[PDB]
Amino acid sequence: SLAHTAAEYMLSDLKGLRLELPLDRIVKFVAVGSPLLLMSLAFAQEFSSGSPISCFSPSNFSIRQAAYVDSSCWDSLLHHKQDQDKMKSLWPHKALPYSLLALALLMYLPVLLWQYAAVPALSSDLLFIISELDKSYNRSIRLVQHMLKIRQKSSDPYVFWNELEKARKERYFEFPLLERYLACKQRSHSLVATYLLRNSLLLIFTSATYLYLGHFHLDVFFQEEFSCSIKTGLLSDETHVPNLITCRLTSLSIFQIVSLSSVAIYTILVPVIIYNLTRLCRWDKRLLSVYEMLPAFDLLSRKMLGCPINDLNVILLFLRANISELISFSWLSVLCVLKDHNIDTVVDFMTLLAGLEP
Amino acid sequence: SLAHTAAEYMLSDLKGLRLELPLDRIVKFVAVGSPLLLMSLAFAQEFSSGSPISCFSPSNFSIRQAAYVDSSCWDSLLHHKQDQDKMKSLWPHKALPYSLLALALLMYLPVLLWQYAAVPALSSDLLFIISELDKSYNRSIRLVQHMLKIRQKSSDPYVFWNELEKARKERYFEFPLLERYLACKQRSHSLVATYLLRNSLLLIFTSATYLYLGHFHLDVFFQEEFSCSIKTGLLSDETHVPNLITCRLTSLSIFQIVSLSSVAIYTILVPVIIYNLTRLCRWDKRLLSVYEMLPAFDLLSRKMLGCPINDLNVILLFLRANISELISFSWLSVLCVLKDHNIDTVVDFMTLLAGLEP
Amino acid sequence: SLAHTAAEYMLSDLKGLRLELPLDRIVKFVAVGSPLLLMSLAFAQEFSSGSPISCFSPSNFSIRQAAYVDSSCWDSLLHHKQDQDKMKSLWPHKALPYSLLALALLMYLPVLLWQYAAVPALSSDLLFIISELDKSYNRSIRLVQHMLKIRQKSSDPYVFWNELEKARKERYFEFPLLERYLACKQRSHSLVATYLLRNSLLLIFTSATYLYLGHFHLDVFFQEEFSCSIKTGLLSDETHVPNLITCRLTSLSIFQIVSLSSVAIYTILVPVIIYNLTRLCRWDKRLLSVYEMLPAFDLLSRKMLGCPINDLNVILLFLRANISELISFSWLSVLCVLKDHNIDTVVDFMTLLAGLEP
Amino acid sequence: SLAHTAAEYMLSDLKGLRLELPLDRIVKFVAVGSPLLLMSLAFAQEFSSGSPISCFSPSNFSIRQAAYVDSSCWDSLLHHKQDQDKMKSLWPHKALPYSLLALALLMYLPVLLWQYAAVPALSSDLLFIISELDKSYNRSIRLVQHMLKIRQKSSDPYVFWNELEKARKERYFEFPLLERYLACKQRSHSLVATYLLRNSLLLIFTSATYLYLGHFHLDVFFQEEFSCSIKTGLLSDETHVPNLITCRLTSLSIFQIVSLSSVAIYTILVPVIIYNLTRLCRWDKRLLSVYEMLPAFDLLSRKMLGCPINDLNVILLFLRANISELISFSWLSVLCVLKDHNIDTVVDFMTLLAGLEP
Amino acid sequence: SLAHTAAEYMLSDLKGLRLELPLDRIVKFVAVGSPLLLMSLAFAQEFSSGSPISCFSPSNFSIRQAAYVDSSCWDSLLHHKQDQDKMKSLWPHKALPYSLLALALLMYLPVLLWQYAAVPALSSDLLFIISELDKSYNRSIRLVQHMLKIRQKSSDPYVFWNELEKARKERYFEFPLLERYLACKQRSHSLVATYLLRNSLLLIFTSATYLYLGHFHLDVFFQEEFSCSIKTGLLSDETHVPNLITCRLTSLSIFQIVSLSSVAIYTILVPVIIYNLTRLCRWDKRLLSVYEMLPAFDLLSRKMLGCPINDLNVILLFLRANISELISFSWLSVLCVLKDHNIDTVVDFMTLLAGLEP
C-alpha cells in the first residue's frame, strides 16, 4: 500500500539545536500518521475485502453477465428508491481512501510552513543568544571571585554592600549588544505570526474534517442494501430484470469503525492545540528568581513587561528547551538548591565556586 | 502483516547511562509484543483461514448467489434463534484483530509517559551525582594514606584514634554541595509519582483486559453454528430460504486459543508489576556497611530515614544500576573481601591501597 | 509499478554551495512527482481494476468466446453509433498512463537544462565572489579600528570627518579586481537566459497539458457505455450479434478524478512560476542600507542601475541565499540592530568591534 | 513463515571475554533451532499441503457444499466410531505448529536466566582476576632472574636451595589481595546455582517433551481415516448423509516424520547436558604441575580441596577458556616442553628467559 | 527454498593464517553444496511439478472426489500388484528432498569436528613456529656476513673451512627452544588423528550414500505406473472402483537425473580423499636442499626420520602453505636460482647478501 511509503518519506525522524517542542512533535505524529494507519488497516492486511459489492443476480445469468452486473454497479452507486425518483448516491463508500489520503496530505502543510518560514531566523537568533550566554560563566566566578575572598578581610558595608555597585556596573561585566538585540527583537512580531498560523491551520483542518464527516457520512451509516438499475441506456431494449435489487455493501463495518476512530482521535487532539496556543499568552517566570542574579541572564528576565505577544516570548520558549545541551547542562541546572538580605547573597556565592568545573 | 512493522517501529532495542531497569524492559517487551505476536500468528503464516464463515446454501443456488449469501452474513453476524426474536450478535469474532491492536497500542502509553515526563530530570540528577561521586577515589587513598604510615611510628590512641577526627573532618574531606543536593532532593516528590503512575496504568489496563475477556468472550465460546436471515429487506419478496441455517464459524479454535493465551500471559505478568511497585517501599541497606566508611558515599547511607517514598529512593535505585560502568566497576566492586574495633579499620585500609589502580 | 522507480531515479534530493532556491525546489517536486503519484494511485494499490472493460455477451456464448469478445474490444475502442456511421474513438481511456508518464518525463527537461548549462559557471562566479568577500571582515575592524581610538584624542572635523577619506581611499581598502569582475559580469546576459528558458519551458508545458485535457478529455467524460461490432472482418459470415451493445468502461471514476486533480494542481502551481519570473524584474535593495558602509559590500550596492535584467542580478539572488553559511552567518546577520550625521557613524563602529569573533 | 523471523531475532551469534563455552553454545543452537527448522520444513518449502483434510462427499453436493463439509470438519476433529459413542479427538494434528513454537520458546528460558542472573558478576570476577594474573610475567623473570646468574658464582646449598626461600617469601613475590579474593570466592555458592538450574531446566524440558510425545502422539499415529458428523445441530433436520465417512488426513507422513525426528534429536542431545553437569564434580589438575611454580598461578593450584561444588570451580572453568586470548597466549601455552631434585629446578628457568617476549 | 538459506549460512567463505588447504576447501565445497544444488534444481524454478501424481479416475467422479483420489494416493504409495498381495511401496519418491537435506547436513560434520578439535592448537603451534622462524633472516646475513669479507683477506682452510665451525656452533646461532619444541611435538599423535578422522568420515558417508542409492533406488527406477486401492477402510462398503489403476508418477525423470548425478559426482570425488589421506604417508623433501644451509630451517629438515605419522608432519604441511604470507614471501621464495665443495658455499652466500631487503 501507499501508506507505508507515505509514512516513510514524510513524518520521518544547527547541528545540535532543537527547533521543535516535544508536544508539537507528538501532535504532528498523531495528526498526520493516524489517517495513514486507518487507511492501511481498512484496505489491506487483515480484512481482505476482495469485492466491496455483492449482487443477487438471477440464476439465468452466466458468470460473465453476473460479473458485468456487479462491476457496473460499483462505479454507479445510486439507490433507485421508489419514493420523484430520488437516486441517492453512496459515493463516500468509494471515496473513503481518497479522503483519508487528502486529509493526511492536508495535515502536513503547517509543518512545511513552519520549516520554511520560521526555522532559519529562529535558528540564527538562538545561535547568537547561546553563543553570547555561554560567556556568562567565567564572569561571575572568574571576575567576581574576589568578593568573599576580600569579605573575610573587612566587615559589612564597604565590603559587601558598597562594592557590589563598583563591580556590577563595570566594563567587563556589561553586555550592551545582547541588551540592544533583545530590545530590538521584542518589538518584532514576524515569527509569532508563523506560530499562530501553524496552530490555526490545524484547528481549521479539524473543523473541516468535522464538517465533512457530519455532512456526507452519518447519513449513509446504517444503509447496507440498495437497489440499482442496469437498463438505463443501450440495455433498455433487453428482456431481464429492470431493478437488480439488493446490492449489498460488504465493508460497512470498516466504514463505521474508520468514521468513529477519525472522530474520536481528533476530538482527543483538539485541546492540546488550544493549550499550545495559550502557552504564548503569559510571561513564564518559574525560574526568574535565579535568573536575575547572573550577569547575562539578568537581561533575559529584565525585559518581561507589556503584551506577552512578541518575538521575545517565542525566543524564550525555544531557549528554555535548549538550555540543557552540554555546557549550560551544568551549575545552572544544578542550582536547584538555591530555590528556597546579607546571608542570602553570600550563600549564593560559595555555591558557585563549588561547581568550578575544571 | 502490520504487526511486524509495528514491532519494528515501537519496542525496538547520556551515552552510557542506563535509565531503564532490566525487569521494566522485560515487562514492557512481554506486555507489548504479546498481542502483536498473537495477531501475527492468528491471521497469517500457519493457519491460512481463507474465509471465516461457511454457509450451507441450497443446491439450486449458483456460485455468485452462494457468495452473496456467505458474504452478507459476515458483516451481519446475528443469530436468529427461535427463542421475542433475540438476535444475539457475535461481533467479537469480527472485532478480535482490532481489539488486539488497540490493546497493543494501549500498553505503550506508560512507556511514553515515563520517557517524556521523567527521563530528563532523572538523567540530569544521575549525571551530577555520578560526576560528584567519581571524585571520591583520590580522597581516601591519596589523602588518608598517611595514617598507617604514621601508625607504625607511634602506638594506639594518638596515632589511630585521635587523628580520625582531625583528618576526616577536614576541608578536603567534605562535600557540602552534594549534601545540600541530596537534602533538597529528599524532600521532592515529583519523580516518584511518574513511577507509580507508570505501574498503576499497567495494572488498570490488565484489569480492563480481564473485564473485556470476561464480559464479551466466555459467552460466545462454545457456539460454532448460527442461523441467519437474508430476507430482512429488499429481498423479502423473493422465493428462497427465509432462515439460511447453519452458518459455521470456521476460526473458532483460533478464537479460543487466543483468548486463553491472552488470559494466561497477563495472569503470569501480574505479580512482577506488584514487585516493582513494592521495590520502593523499603530502604535498601544491603551494602551500607562498606558505604559509610567512604568519604563521599557516606552521605548516601547517612540520609536513609523516615518515609522511603521520596525522590532520593528512586535516585538511589537508578544509581546502583550505573555504579558498575567502567571506573566504579573497580575497587568498589572489588570490596567484596570486607563482608565478614582497632584491627578491623587497618585491614580495611590495607585492602584500599592494594587496588591502587595505577 | 514503474512510478516508484521513476520517482527514485529522477527527483532525488561546490561542496556546500546552494545552487537552487527553495521555491524552485518545491515547484520542481510538485510538478514532477504529482503525475507519478497519480499513476501509482490510479493503476495500483487501492483500486485494483483488473479488466477495465466489461461486456454483456449473449448467454449462448462460452467462456472462451466471451473472453474473445471482451478482449477484442479493449484494443478497438470504437462507439458504433446509429447516428454516416460516425465511429467515435475512446483512446484516452487506453492512453492515460502513457500520457502521465510522458508528462512526468517532459516536466524534467528544464531541470536537466539548468543543471547542464548554468550550474558550473554560476558555481565558479559564486565561489570567486565568496572568496573575495570573506576577506572583508579583517578590513573594517582590523584596519579602520584606529578611528574611535583616535577620535577620543581629538575633536570633530579632522578626526572623524577628514580621516574618513584618507583611510577609505587607501590601497588596502580597495578591491580593484572584484570591481572589474562585477563590472564585466553586469554586461553579460548569458546566465539570465537559462533562468528565463527554464521558467518558460514549464509555462509552455503547462499550457500544453491544458490543451491536451481540453481537447481529448472533456468529450469522453460522462460516457460509460458504447456499442461495438465484431463482424467487421473475417467474422462477418457468422450467425451472432452484429451490434454487441453495452460494453462498459469500469474505471470511469478514476478517469474523472485523475483529470480533475491534474487540472487543479497545475492551476494552483501557475502563479508561483510567474512570481519566480518576475523576481528578476527589479533591483532588490532591502539590505542595501547596511551594505554601503562595509568595504567590499559597498561595490555590490554601487552597481544597481539601468535595466535589472543582467547576470549580476542572478549572481546577487543566489548570493543572498548563500550569505548565511558559516562565516558570513555572523555579525552581518547579527547587524539587525542597525536598522532603525555624526553619532550614527560612531554607533555603527562600536557595534562592529563588539562582534570581534575571536 | 515465522520460523525465519524467530531464528533471526533469538539464537543469534567485557569486549573480548568469552562467557559461553563452545559445548553450551552448540547445545543451545541444536536445542533451539531444531524445532524452528522442523516447523519451517513441515508447513512450507517442499511439502505444500494446501488443505490438510480431504472428504468424500456425495456427488449430489455442489462445490460450495463440499467446501463447507471439508471446512467444518477440520475444526471439529472427532472420530464418531460405532463402538457409548466414544468420539476420539485428533487435536494434535491441528496443534502441532503451536507445540513446535511453544517448545522453541520454552527452550530459550535458561539462556535468558543465565544471561540475566550470572553474566555480570562472572564478568567482573574474570576482569579482576585477569588484571591480577597478567602481572605475573614480570615477576618470575624480571625478579627471579638473579638465580642462575648467581648460581654460576657459587655451588649448591646456599645458591640454589637456601635462596629459594629468601626470594619466594619476599614482599614483591606475594599477592595477598588476590589470595583473599580467591579465599572469599571459594566460600560462596551463588554462581554454581545458576549453572545447575540452567542445566536442570533443559533436562526437565526434555522430559516434558518426552511425556507430551508419549501421551498425545503414538496413539493417533497410524490412523489416517475418520468418520465425522455434520447433522449435530441446526442441520439435524435435513435430508443428507448423517455420517460423512472417510475424511482423510493428508499430512500424516509429515506428522510421523516430525515426531520421529523430535524424539531422535533430543535422545542424542540428552547425554551432553549430563556431561556438562558432571564437569563441575571434580577438580581439574591436568596442568597443575606447571601452575605451582609460577608466582601468581601458585594460588590457583593451592586452593583445590574439599568439595568441587563451589564458585571458584566455575571461575577456573571459565578462566581456562580465556587464558589464551593475546598475552597469556604465550610462554604459558608454549610451556609444553616441561611436561615429562636439583636439575629440574634449574632447567625450568632458562626455558622461561628464552621466551623473553621482547 | 531452504537450500539457498542453508548454502548461505553453512559453507560460507590468527588473523592471517591459513588453516585449510585449497584441496580440502574444494572437496568440502563440492561435497556439501552439490546435494543443495540438486535439491534446489529438482523441486523449484525450472520444473514446476505442481502435483507429483496424476490419477485416471472414472468420469462419474466429481472434481472434489478426484481431488480426494489424487490426495489419498500420494501419502499411501503402495503398488497393489496382482501377483500374496505383495504391496510394494514407493516411498523414495516422497522422501528424496529429505534424503538430500540429510546428506547435506551429514557431510558438514567433519568440517565442524576439524574446526572444533584441531584448529586452535594448530594455530598456536603455527604462530610460535613462524615467530621463531622470522628471526632467522638477520642471523645469516646480519651475523655471518663477516665471512666473505674476511675471505678475501685470507686463503682456504682457516678462512672458509675452519671458521664454519666457530660461527655456526655459537650461542647467537643456536635455537634450543625451537629444537625442544619440535622434538616434543614429533612424539605427539593427537592432531594427526583429527585429520585421519576427518577424511575417514567423508569416506564412510560416501559409502553410506552408495548403499542408500543401491538398495532403495535402482528398484523403483523404470516404474512409472502403479495401481492403488481406496476401499481399504471405511470406504469399503461403497459402489465404486476397487483397484484404481494407472496412478502415474509425473517427476520420474527428475528422480533418475538426480540419482545419476549423485552417483557420478561422488564417484569422481572418491580418489581425491584417498590422495589427501596418502599425503601424510611420506616425508616431503622437495626443497630440503636449501633448507639445510639456513640457521633455523636446518632443524626442520633435521628431524625427518622414522614413521612419518606424527604431529610434525601435519605442522610442516600447514607451514608450507603459510610460509609465503608477507615476510618469508621473499628471498626464501626467490632462492630458486640455487637449486642446480668450495665455490658452492661462496655463491650461496653472495646470493644471500644481494637480497638485503632494506
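We number chain C the way Swiss-Prot does; in order, the residues shown are 2-14, 25-94, 98-354, 360-377.
Determined via electron microscopy, 3.2 Å.
Cβ atoms here come from the backbone N, Cα and C positions, even for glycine.
Placement of C:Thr208 and C:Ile244 with respect to the membrane, taken from Swiss-Prot, is on opposing sides. In Swiss-Prot, the annotation N-linked glycosylation site falls on C:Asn71, out of C:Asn71, C:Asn152. If one looks beyond the transmembrane segment (C:216-236) by at least 6 residues along the same chain, the residues whose Cβ comes under 8 Å of a Cβ in the stretch are 38, 42, 102, 104, 106-107, 113, 117, 120-121, 124, 269-270, 273, 276-277, 280, 283-284, 287-288.
Note on the transmembrane segment (C:40-60): residues 2, 4-5, 7-8, 11-12, 110-111, 114-115, 117-118, 121-122, 125, 216, 264-265, 268, 271-272, 275-276, 279-280, 283 of its chain, located 6 or more positions outside it, place their CB under 8 angstroms from a CB of the stretch. Helix, strand and coil counts from DSSP across the topological domain 'Extracellular' (C:237-267) read 2 helix, 10 strand, 19 coil. Of all the Cβ atoms in the protein chains shown, 9 others lie within 10 Å of the Cβ of C:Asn71 (N-linked glycosylation site). If you look at the topological domain 'Extracellular' (C:237-267), the same-chain residues 6 or more away from its ends with a CB under 8 A from one of its CBs are 53, 58, 60, 62-69, 72, 80-81, 83-84, 87-92, 104, 107.
For the recorded site, C:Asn71 (N-linked glycosylation site), the DSSP three-state label reads coil. Across the topological domain 'Cytoplasmic' (C:135-215), DSSP classifies residues as 57 helix, 0 strand, 24 coil.
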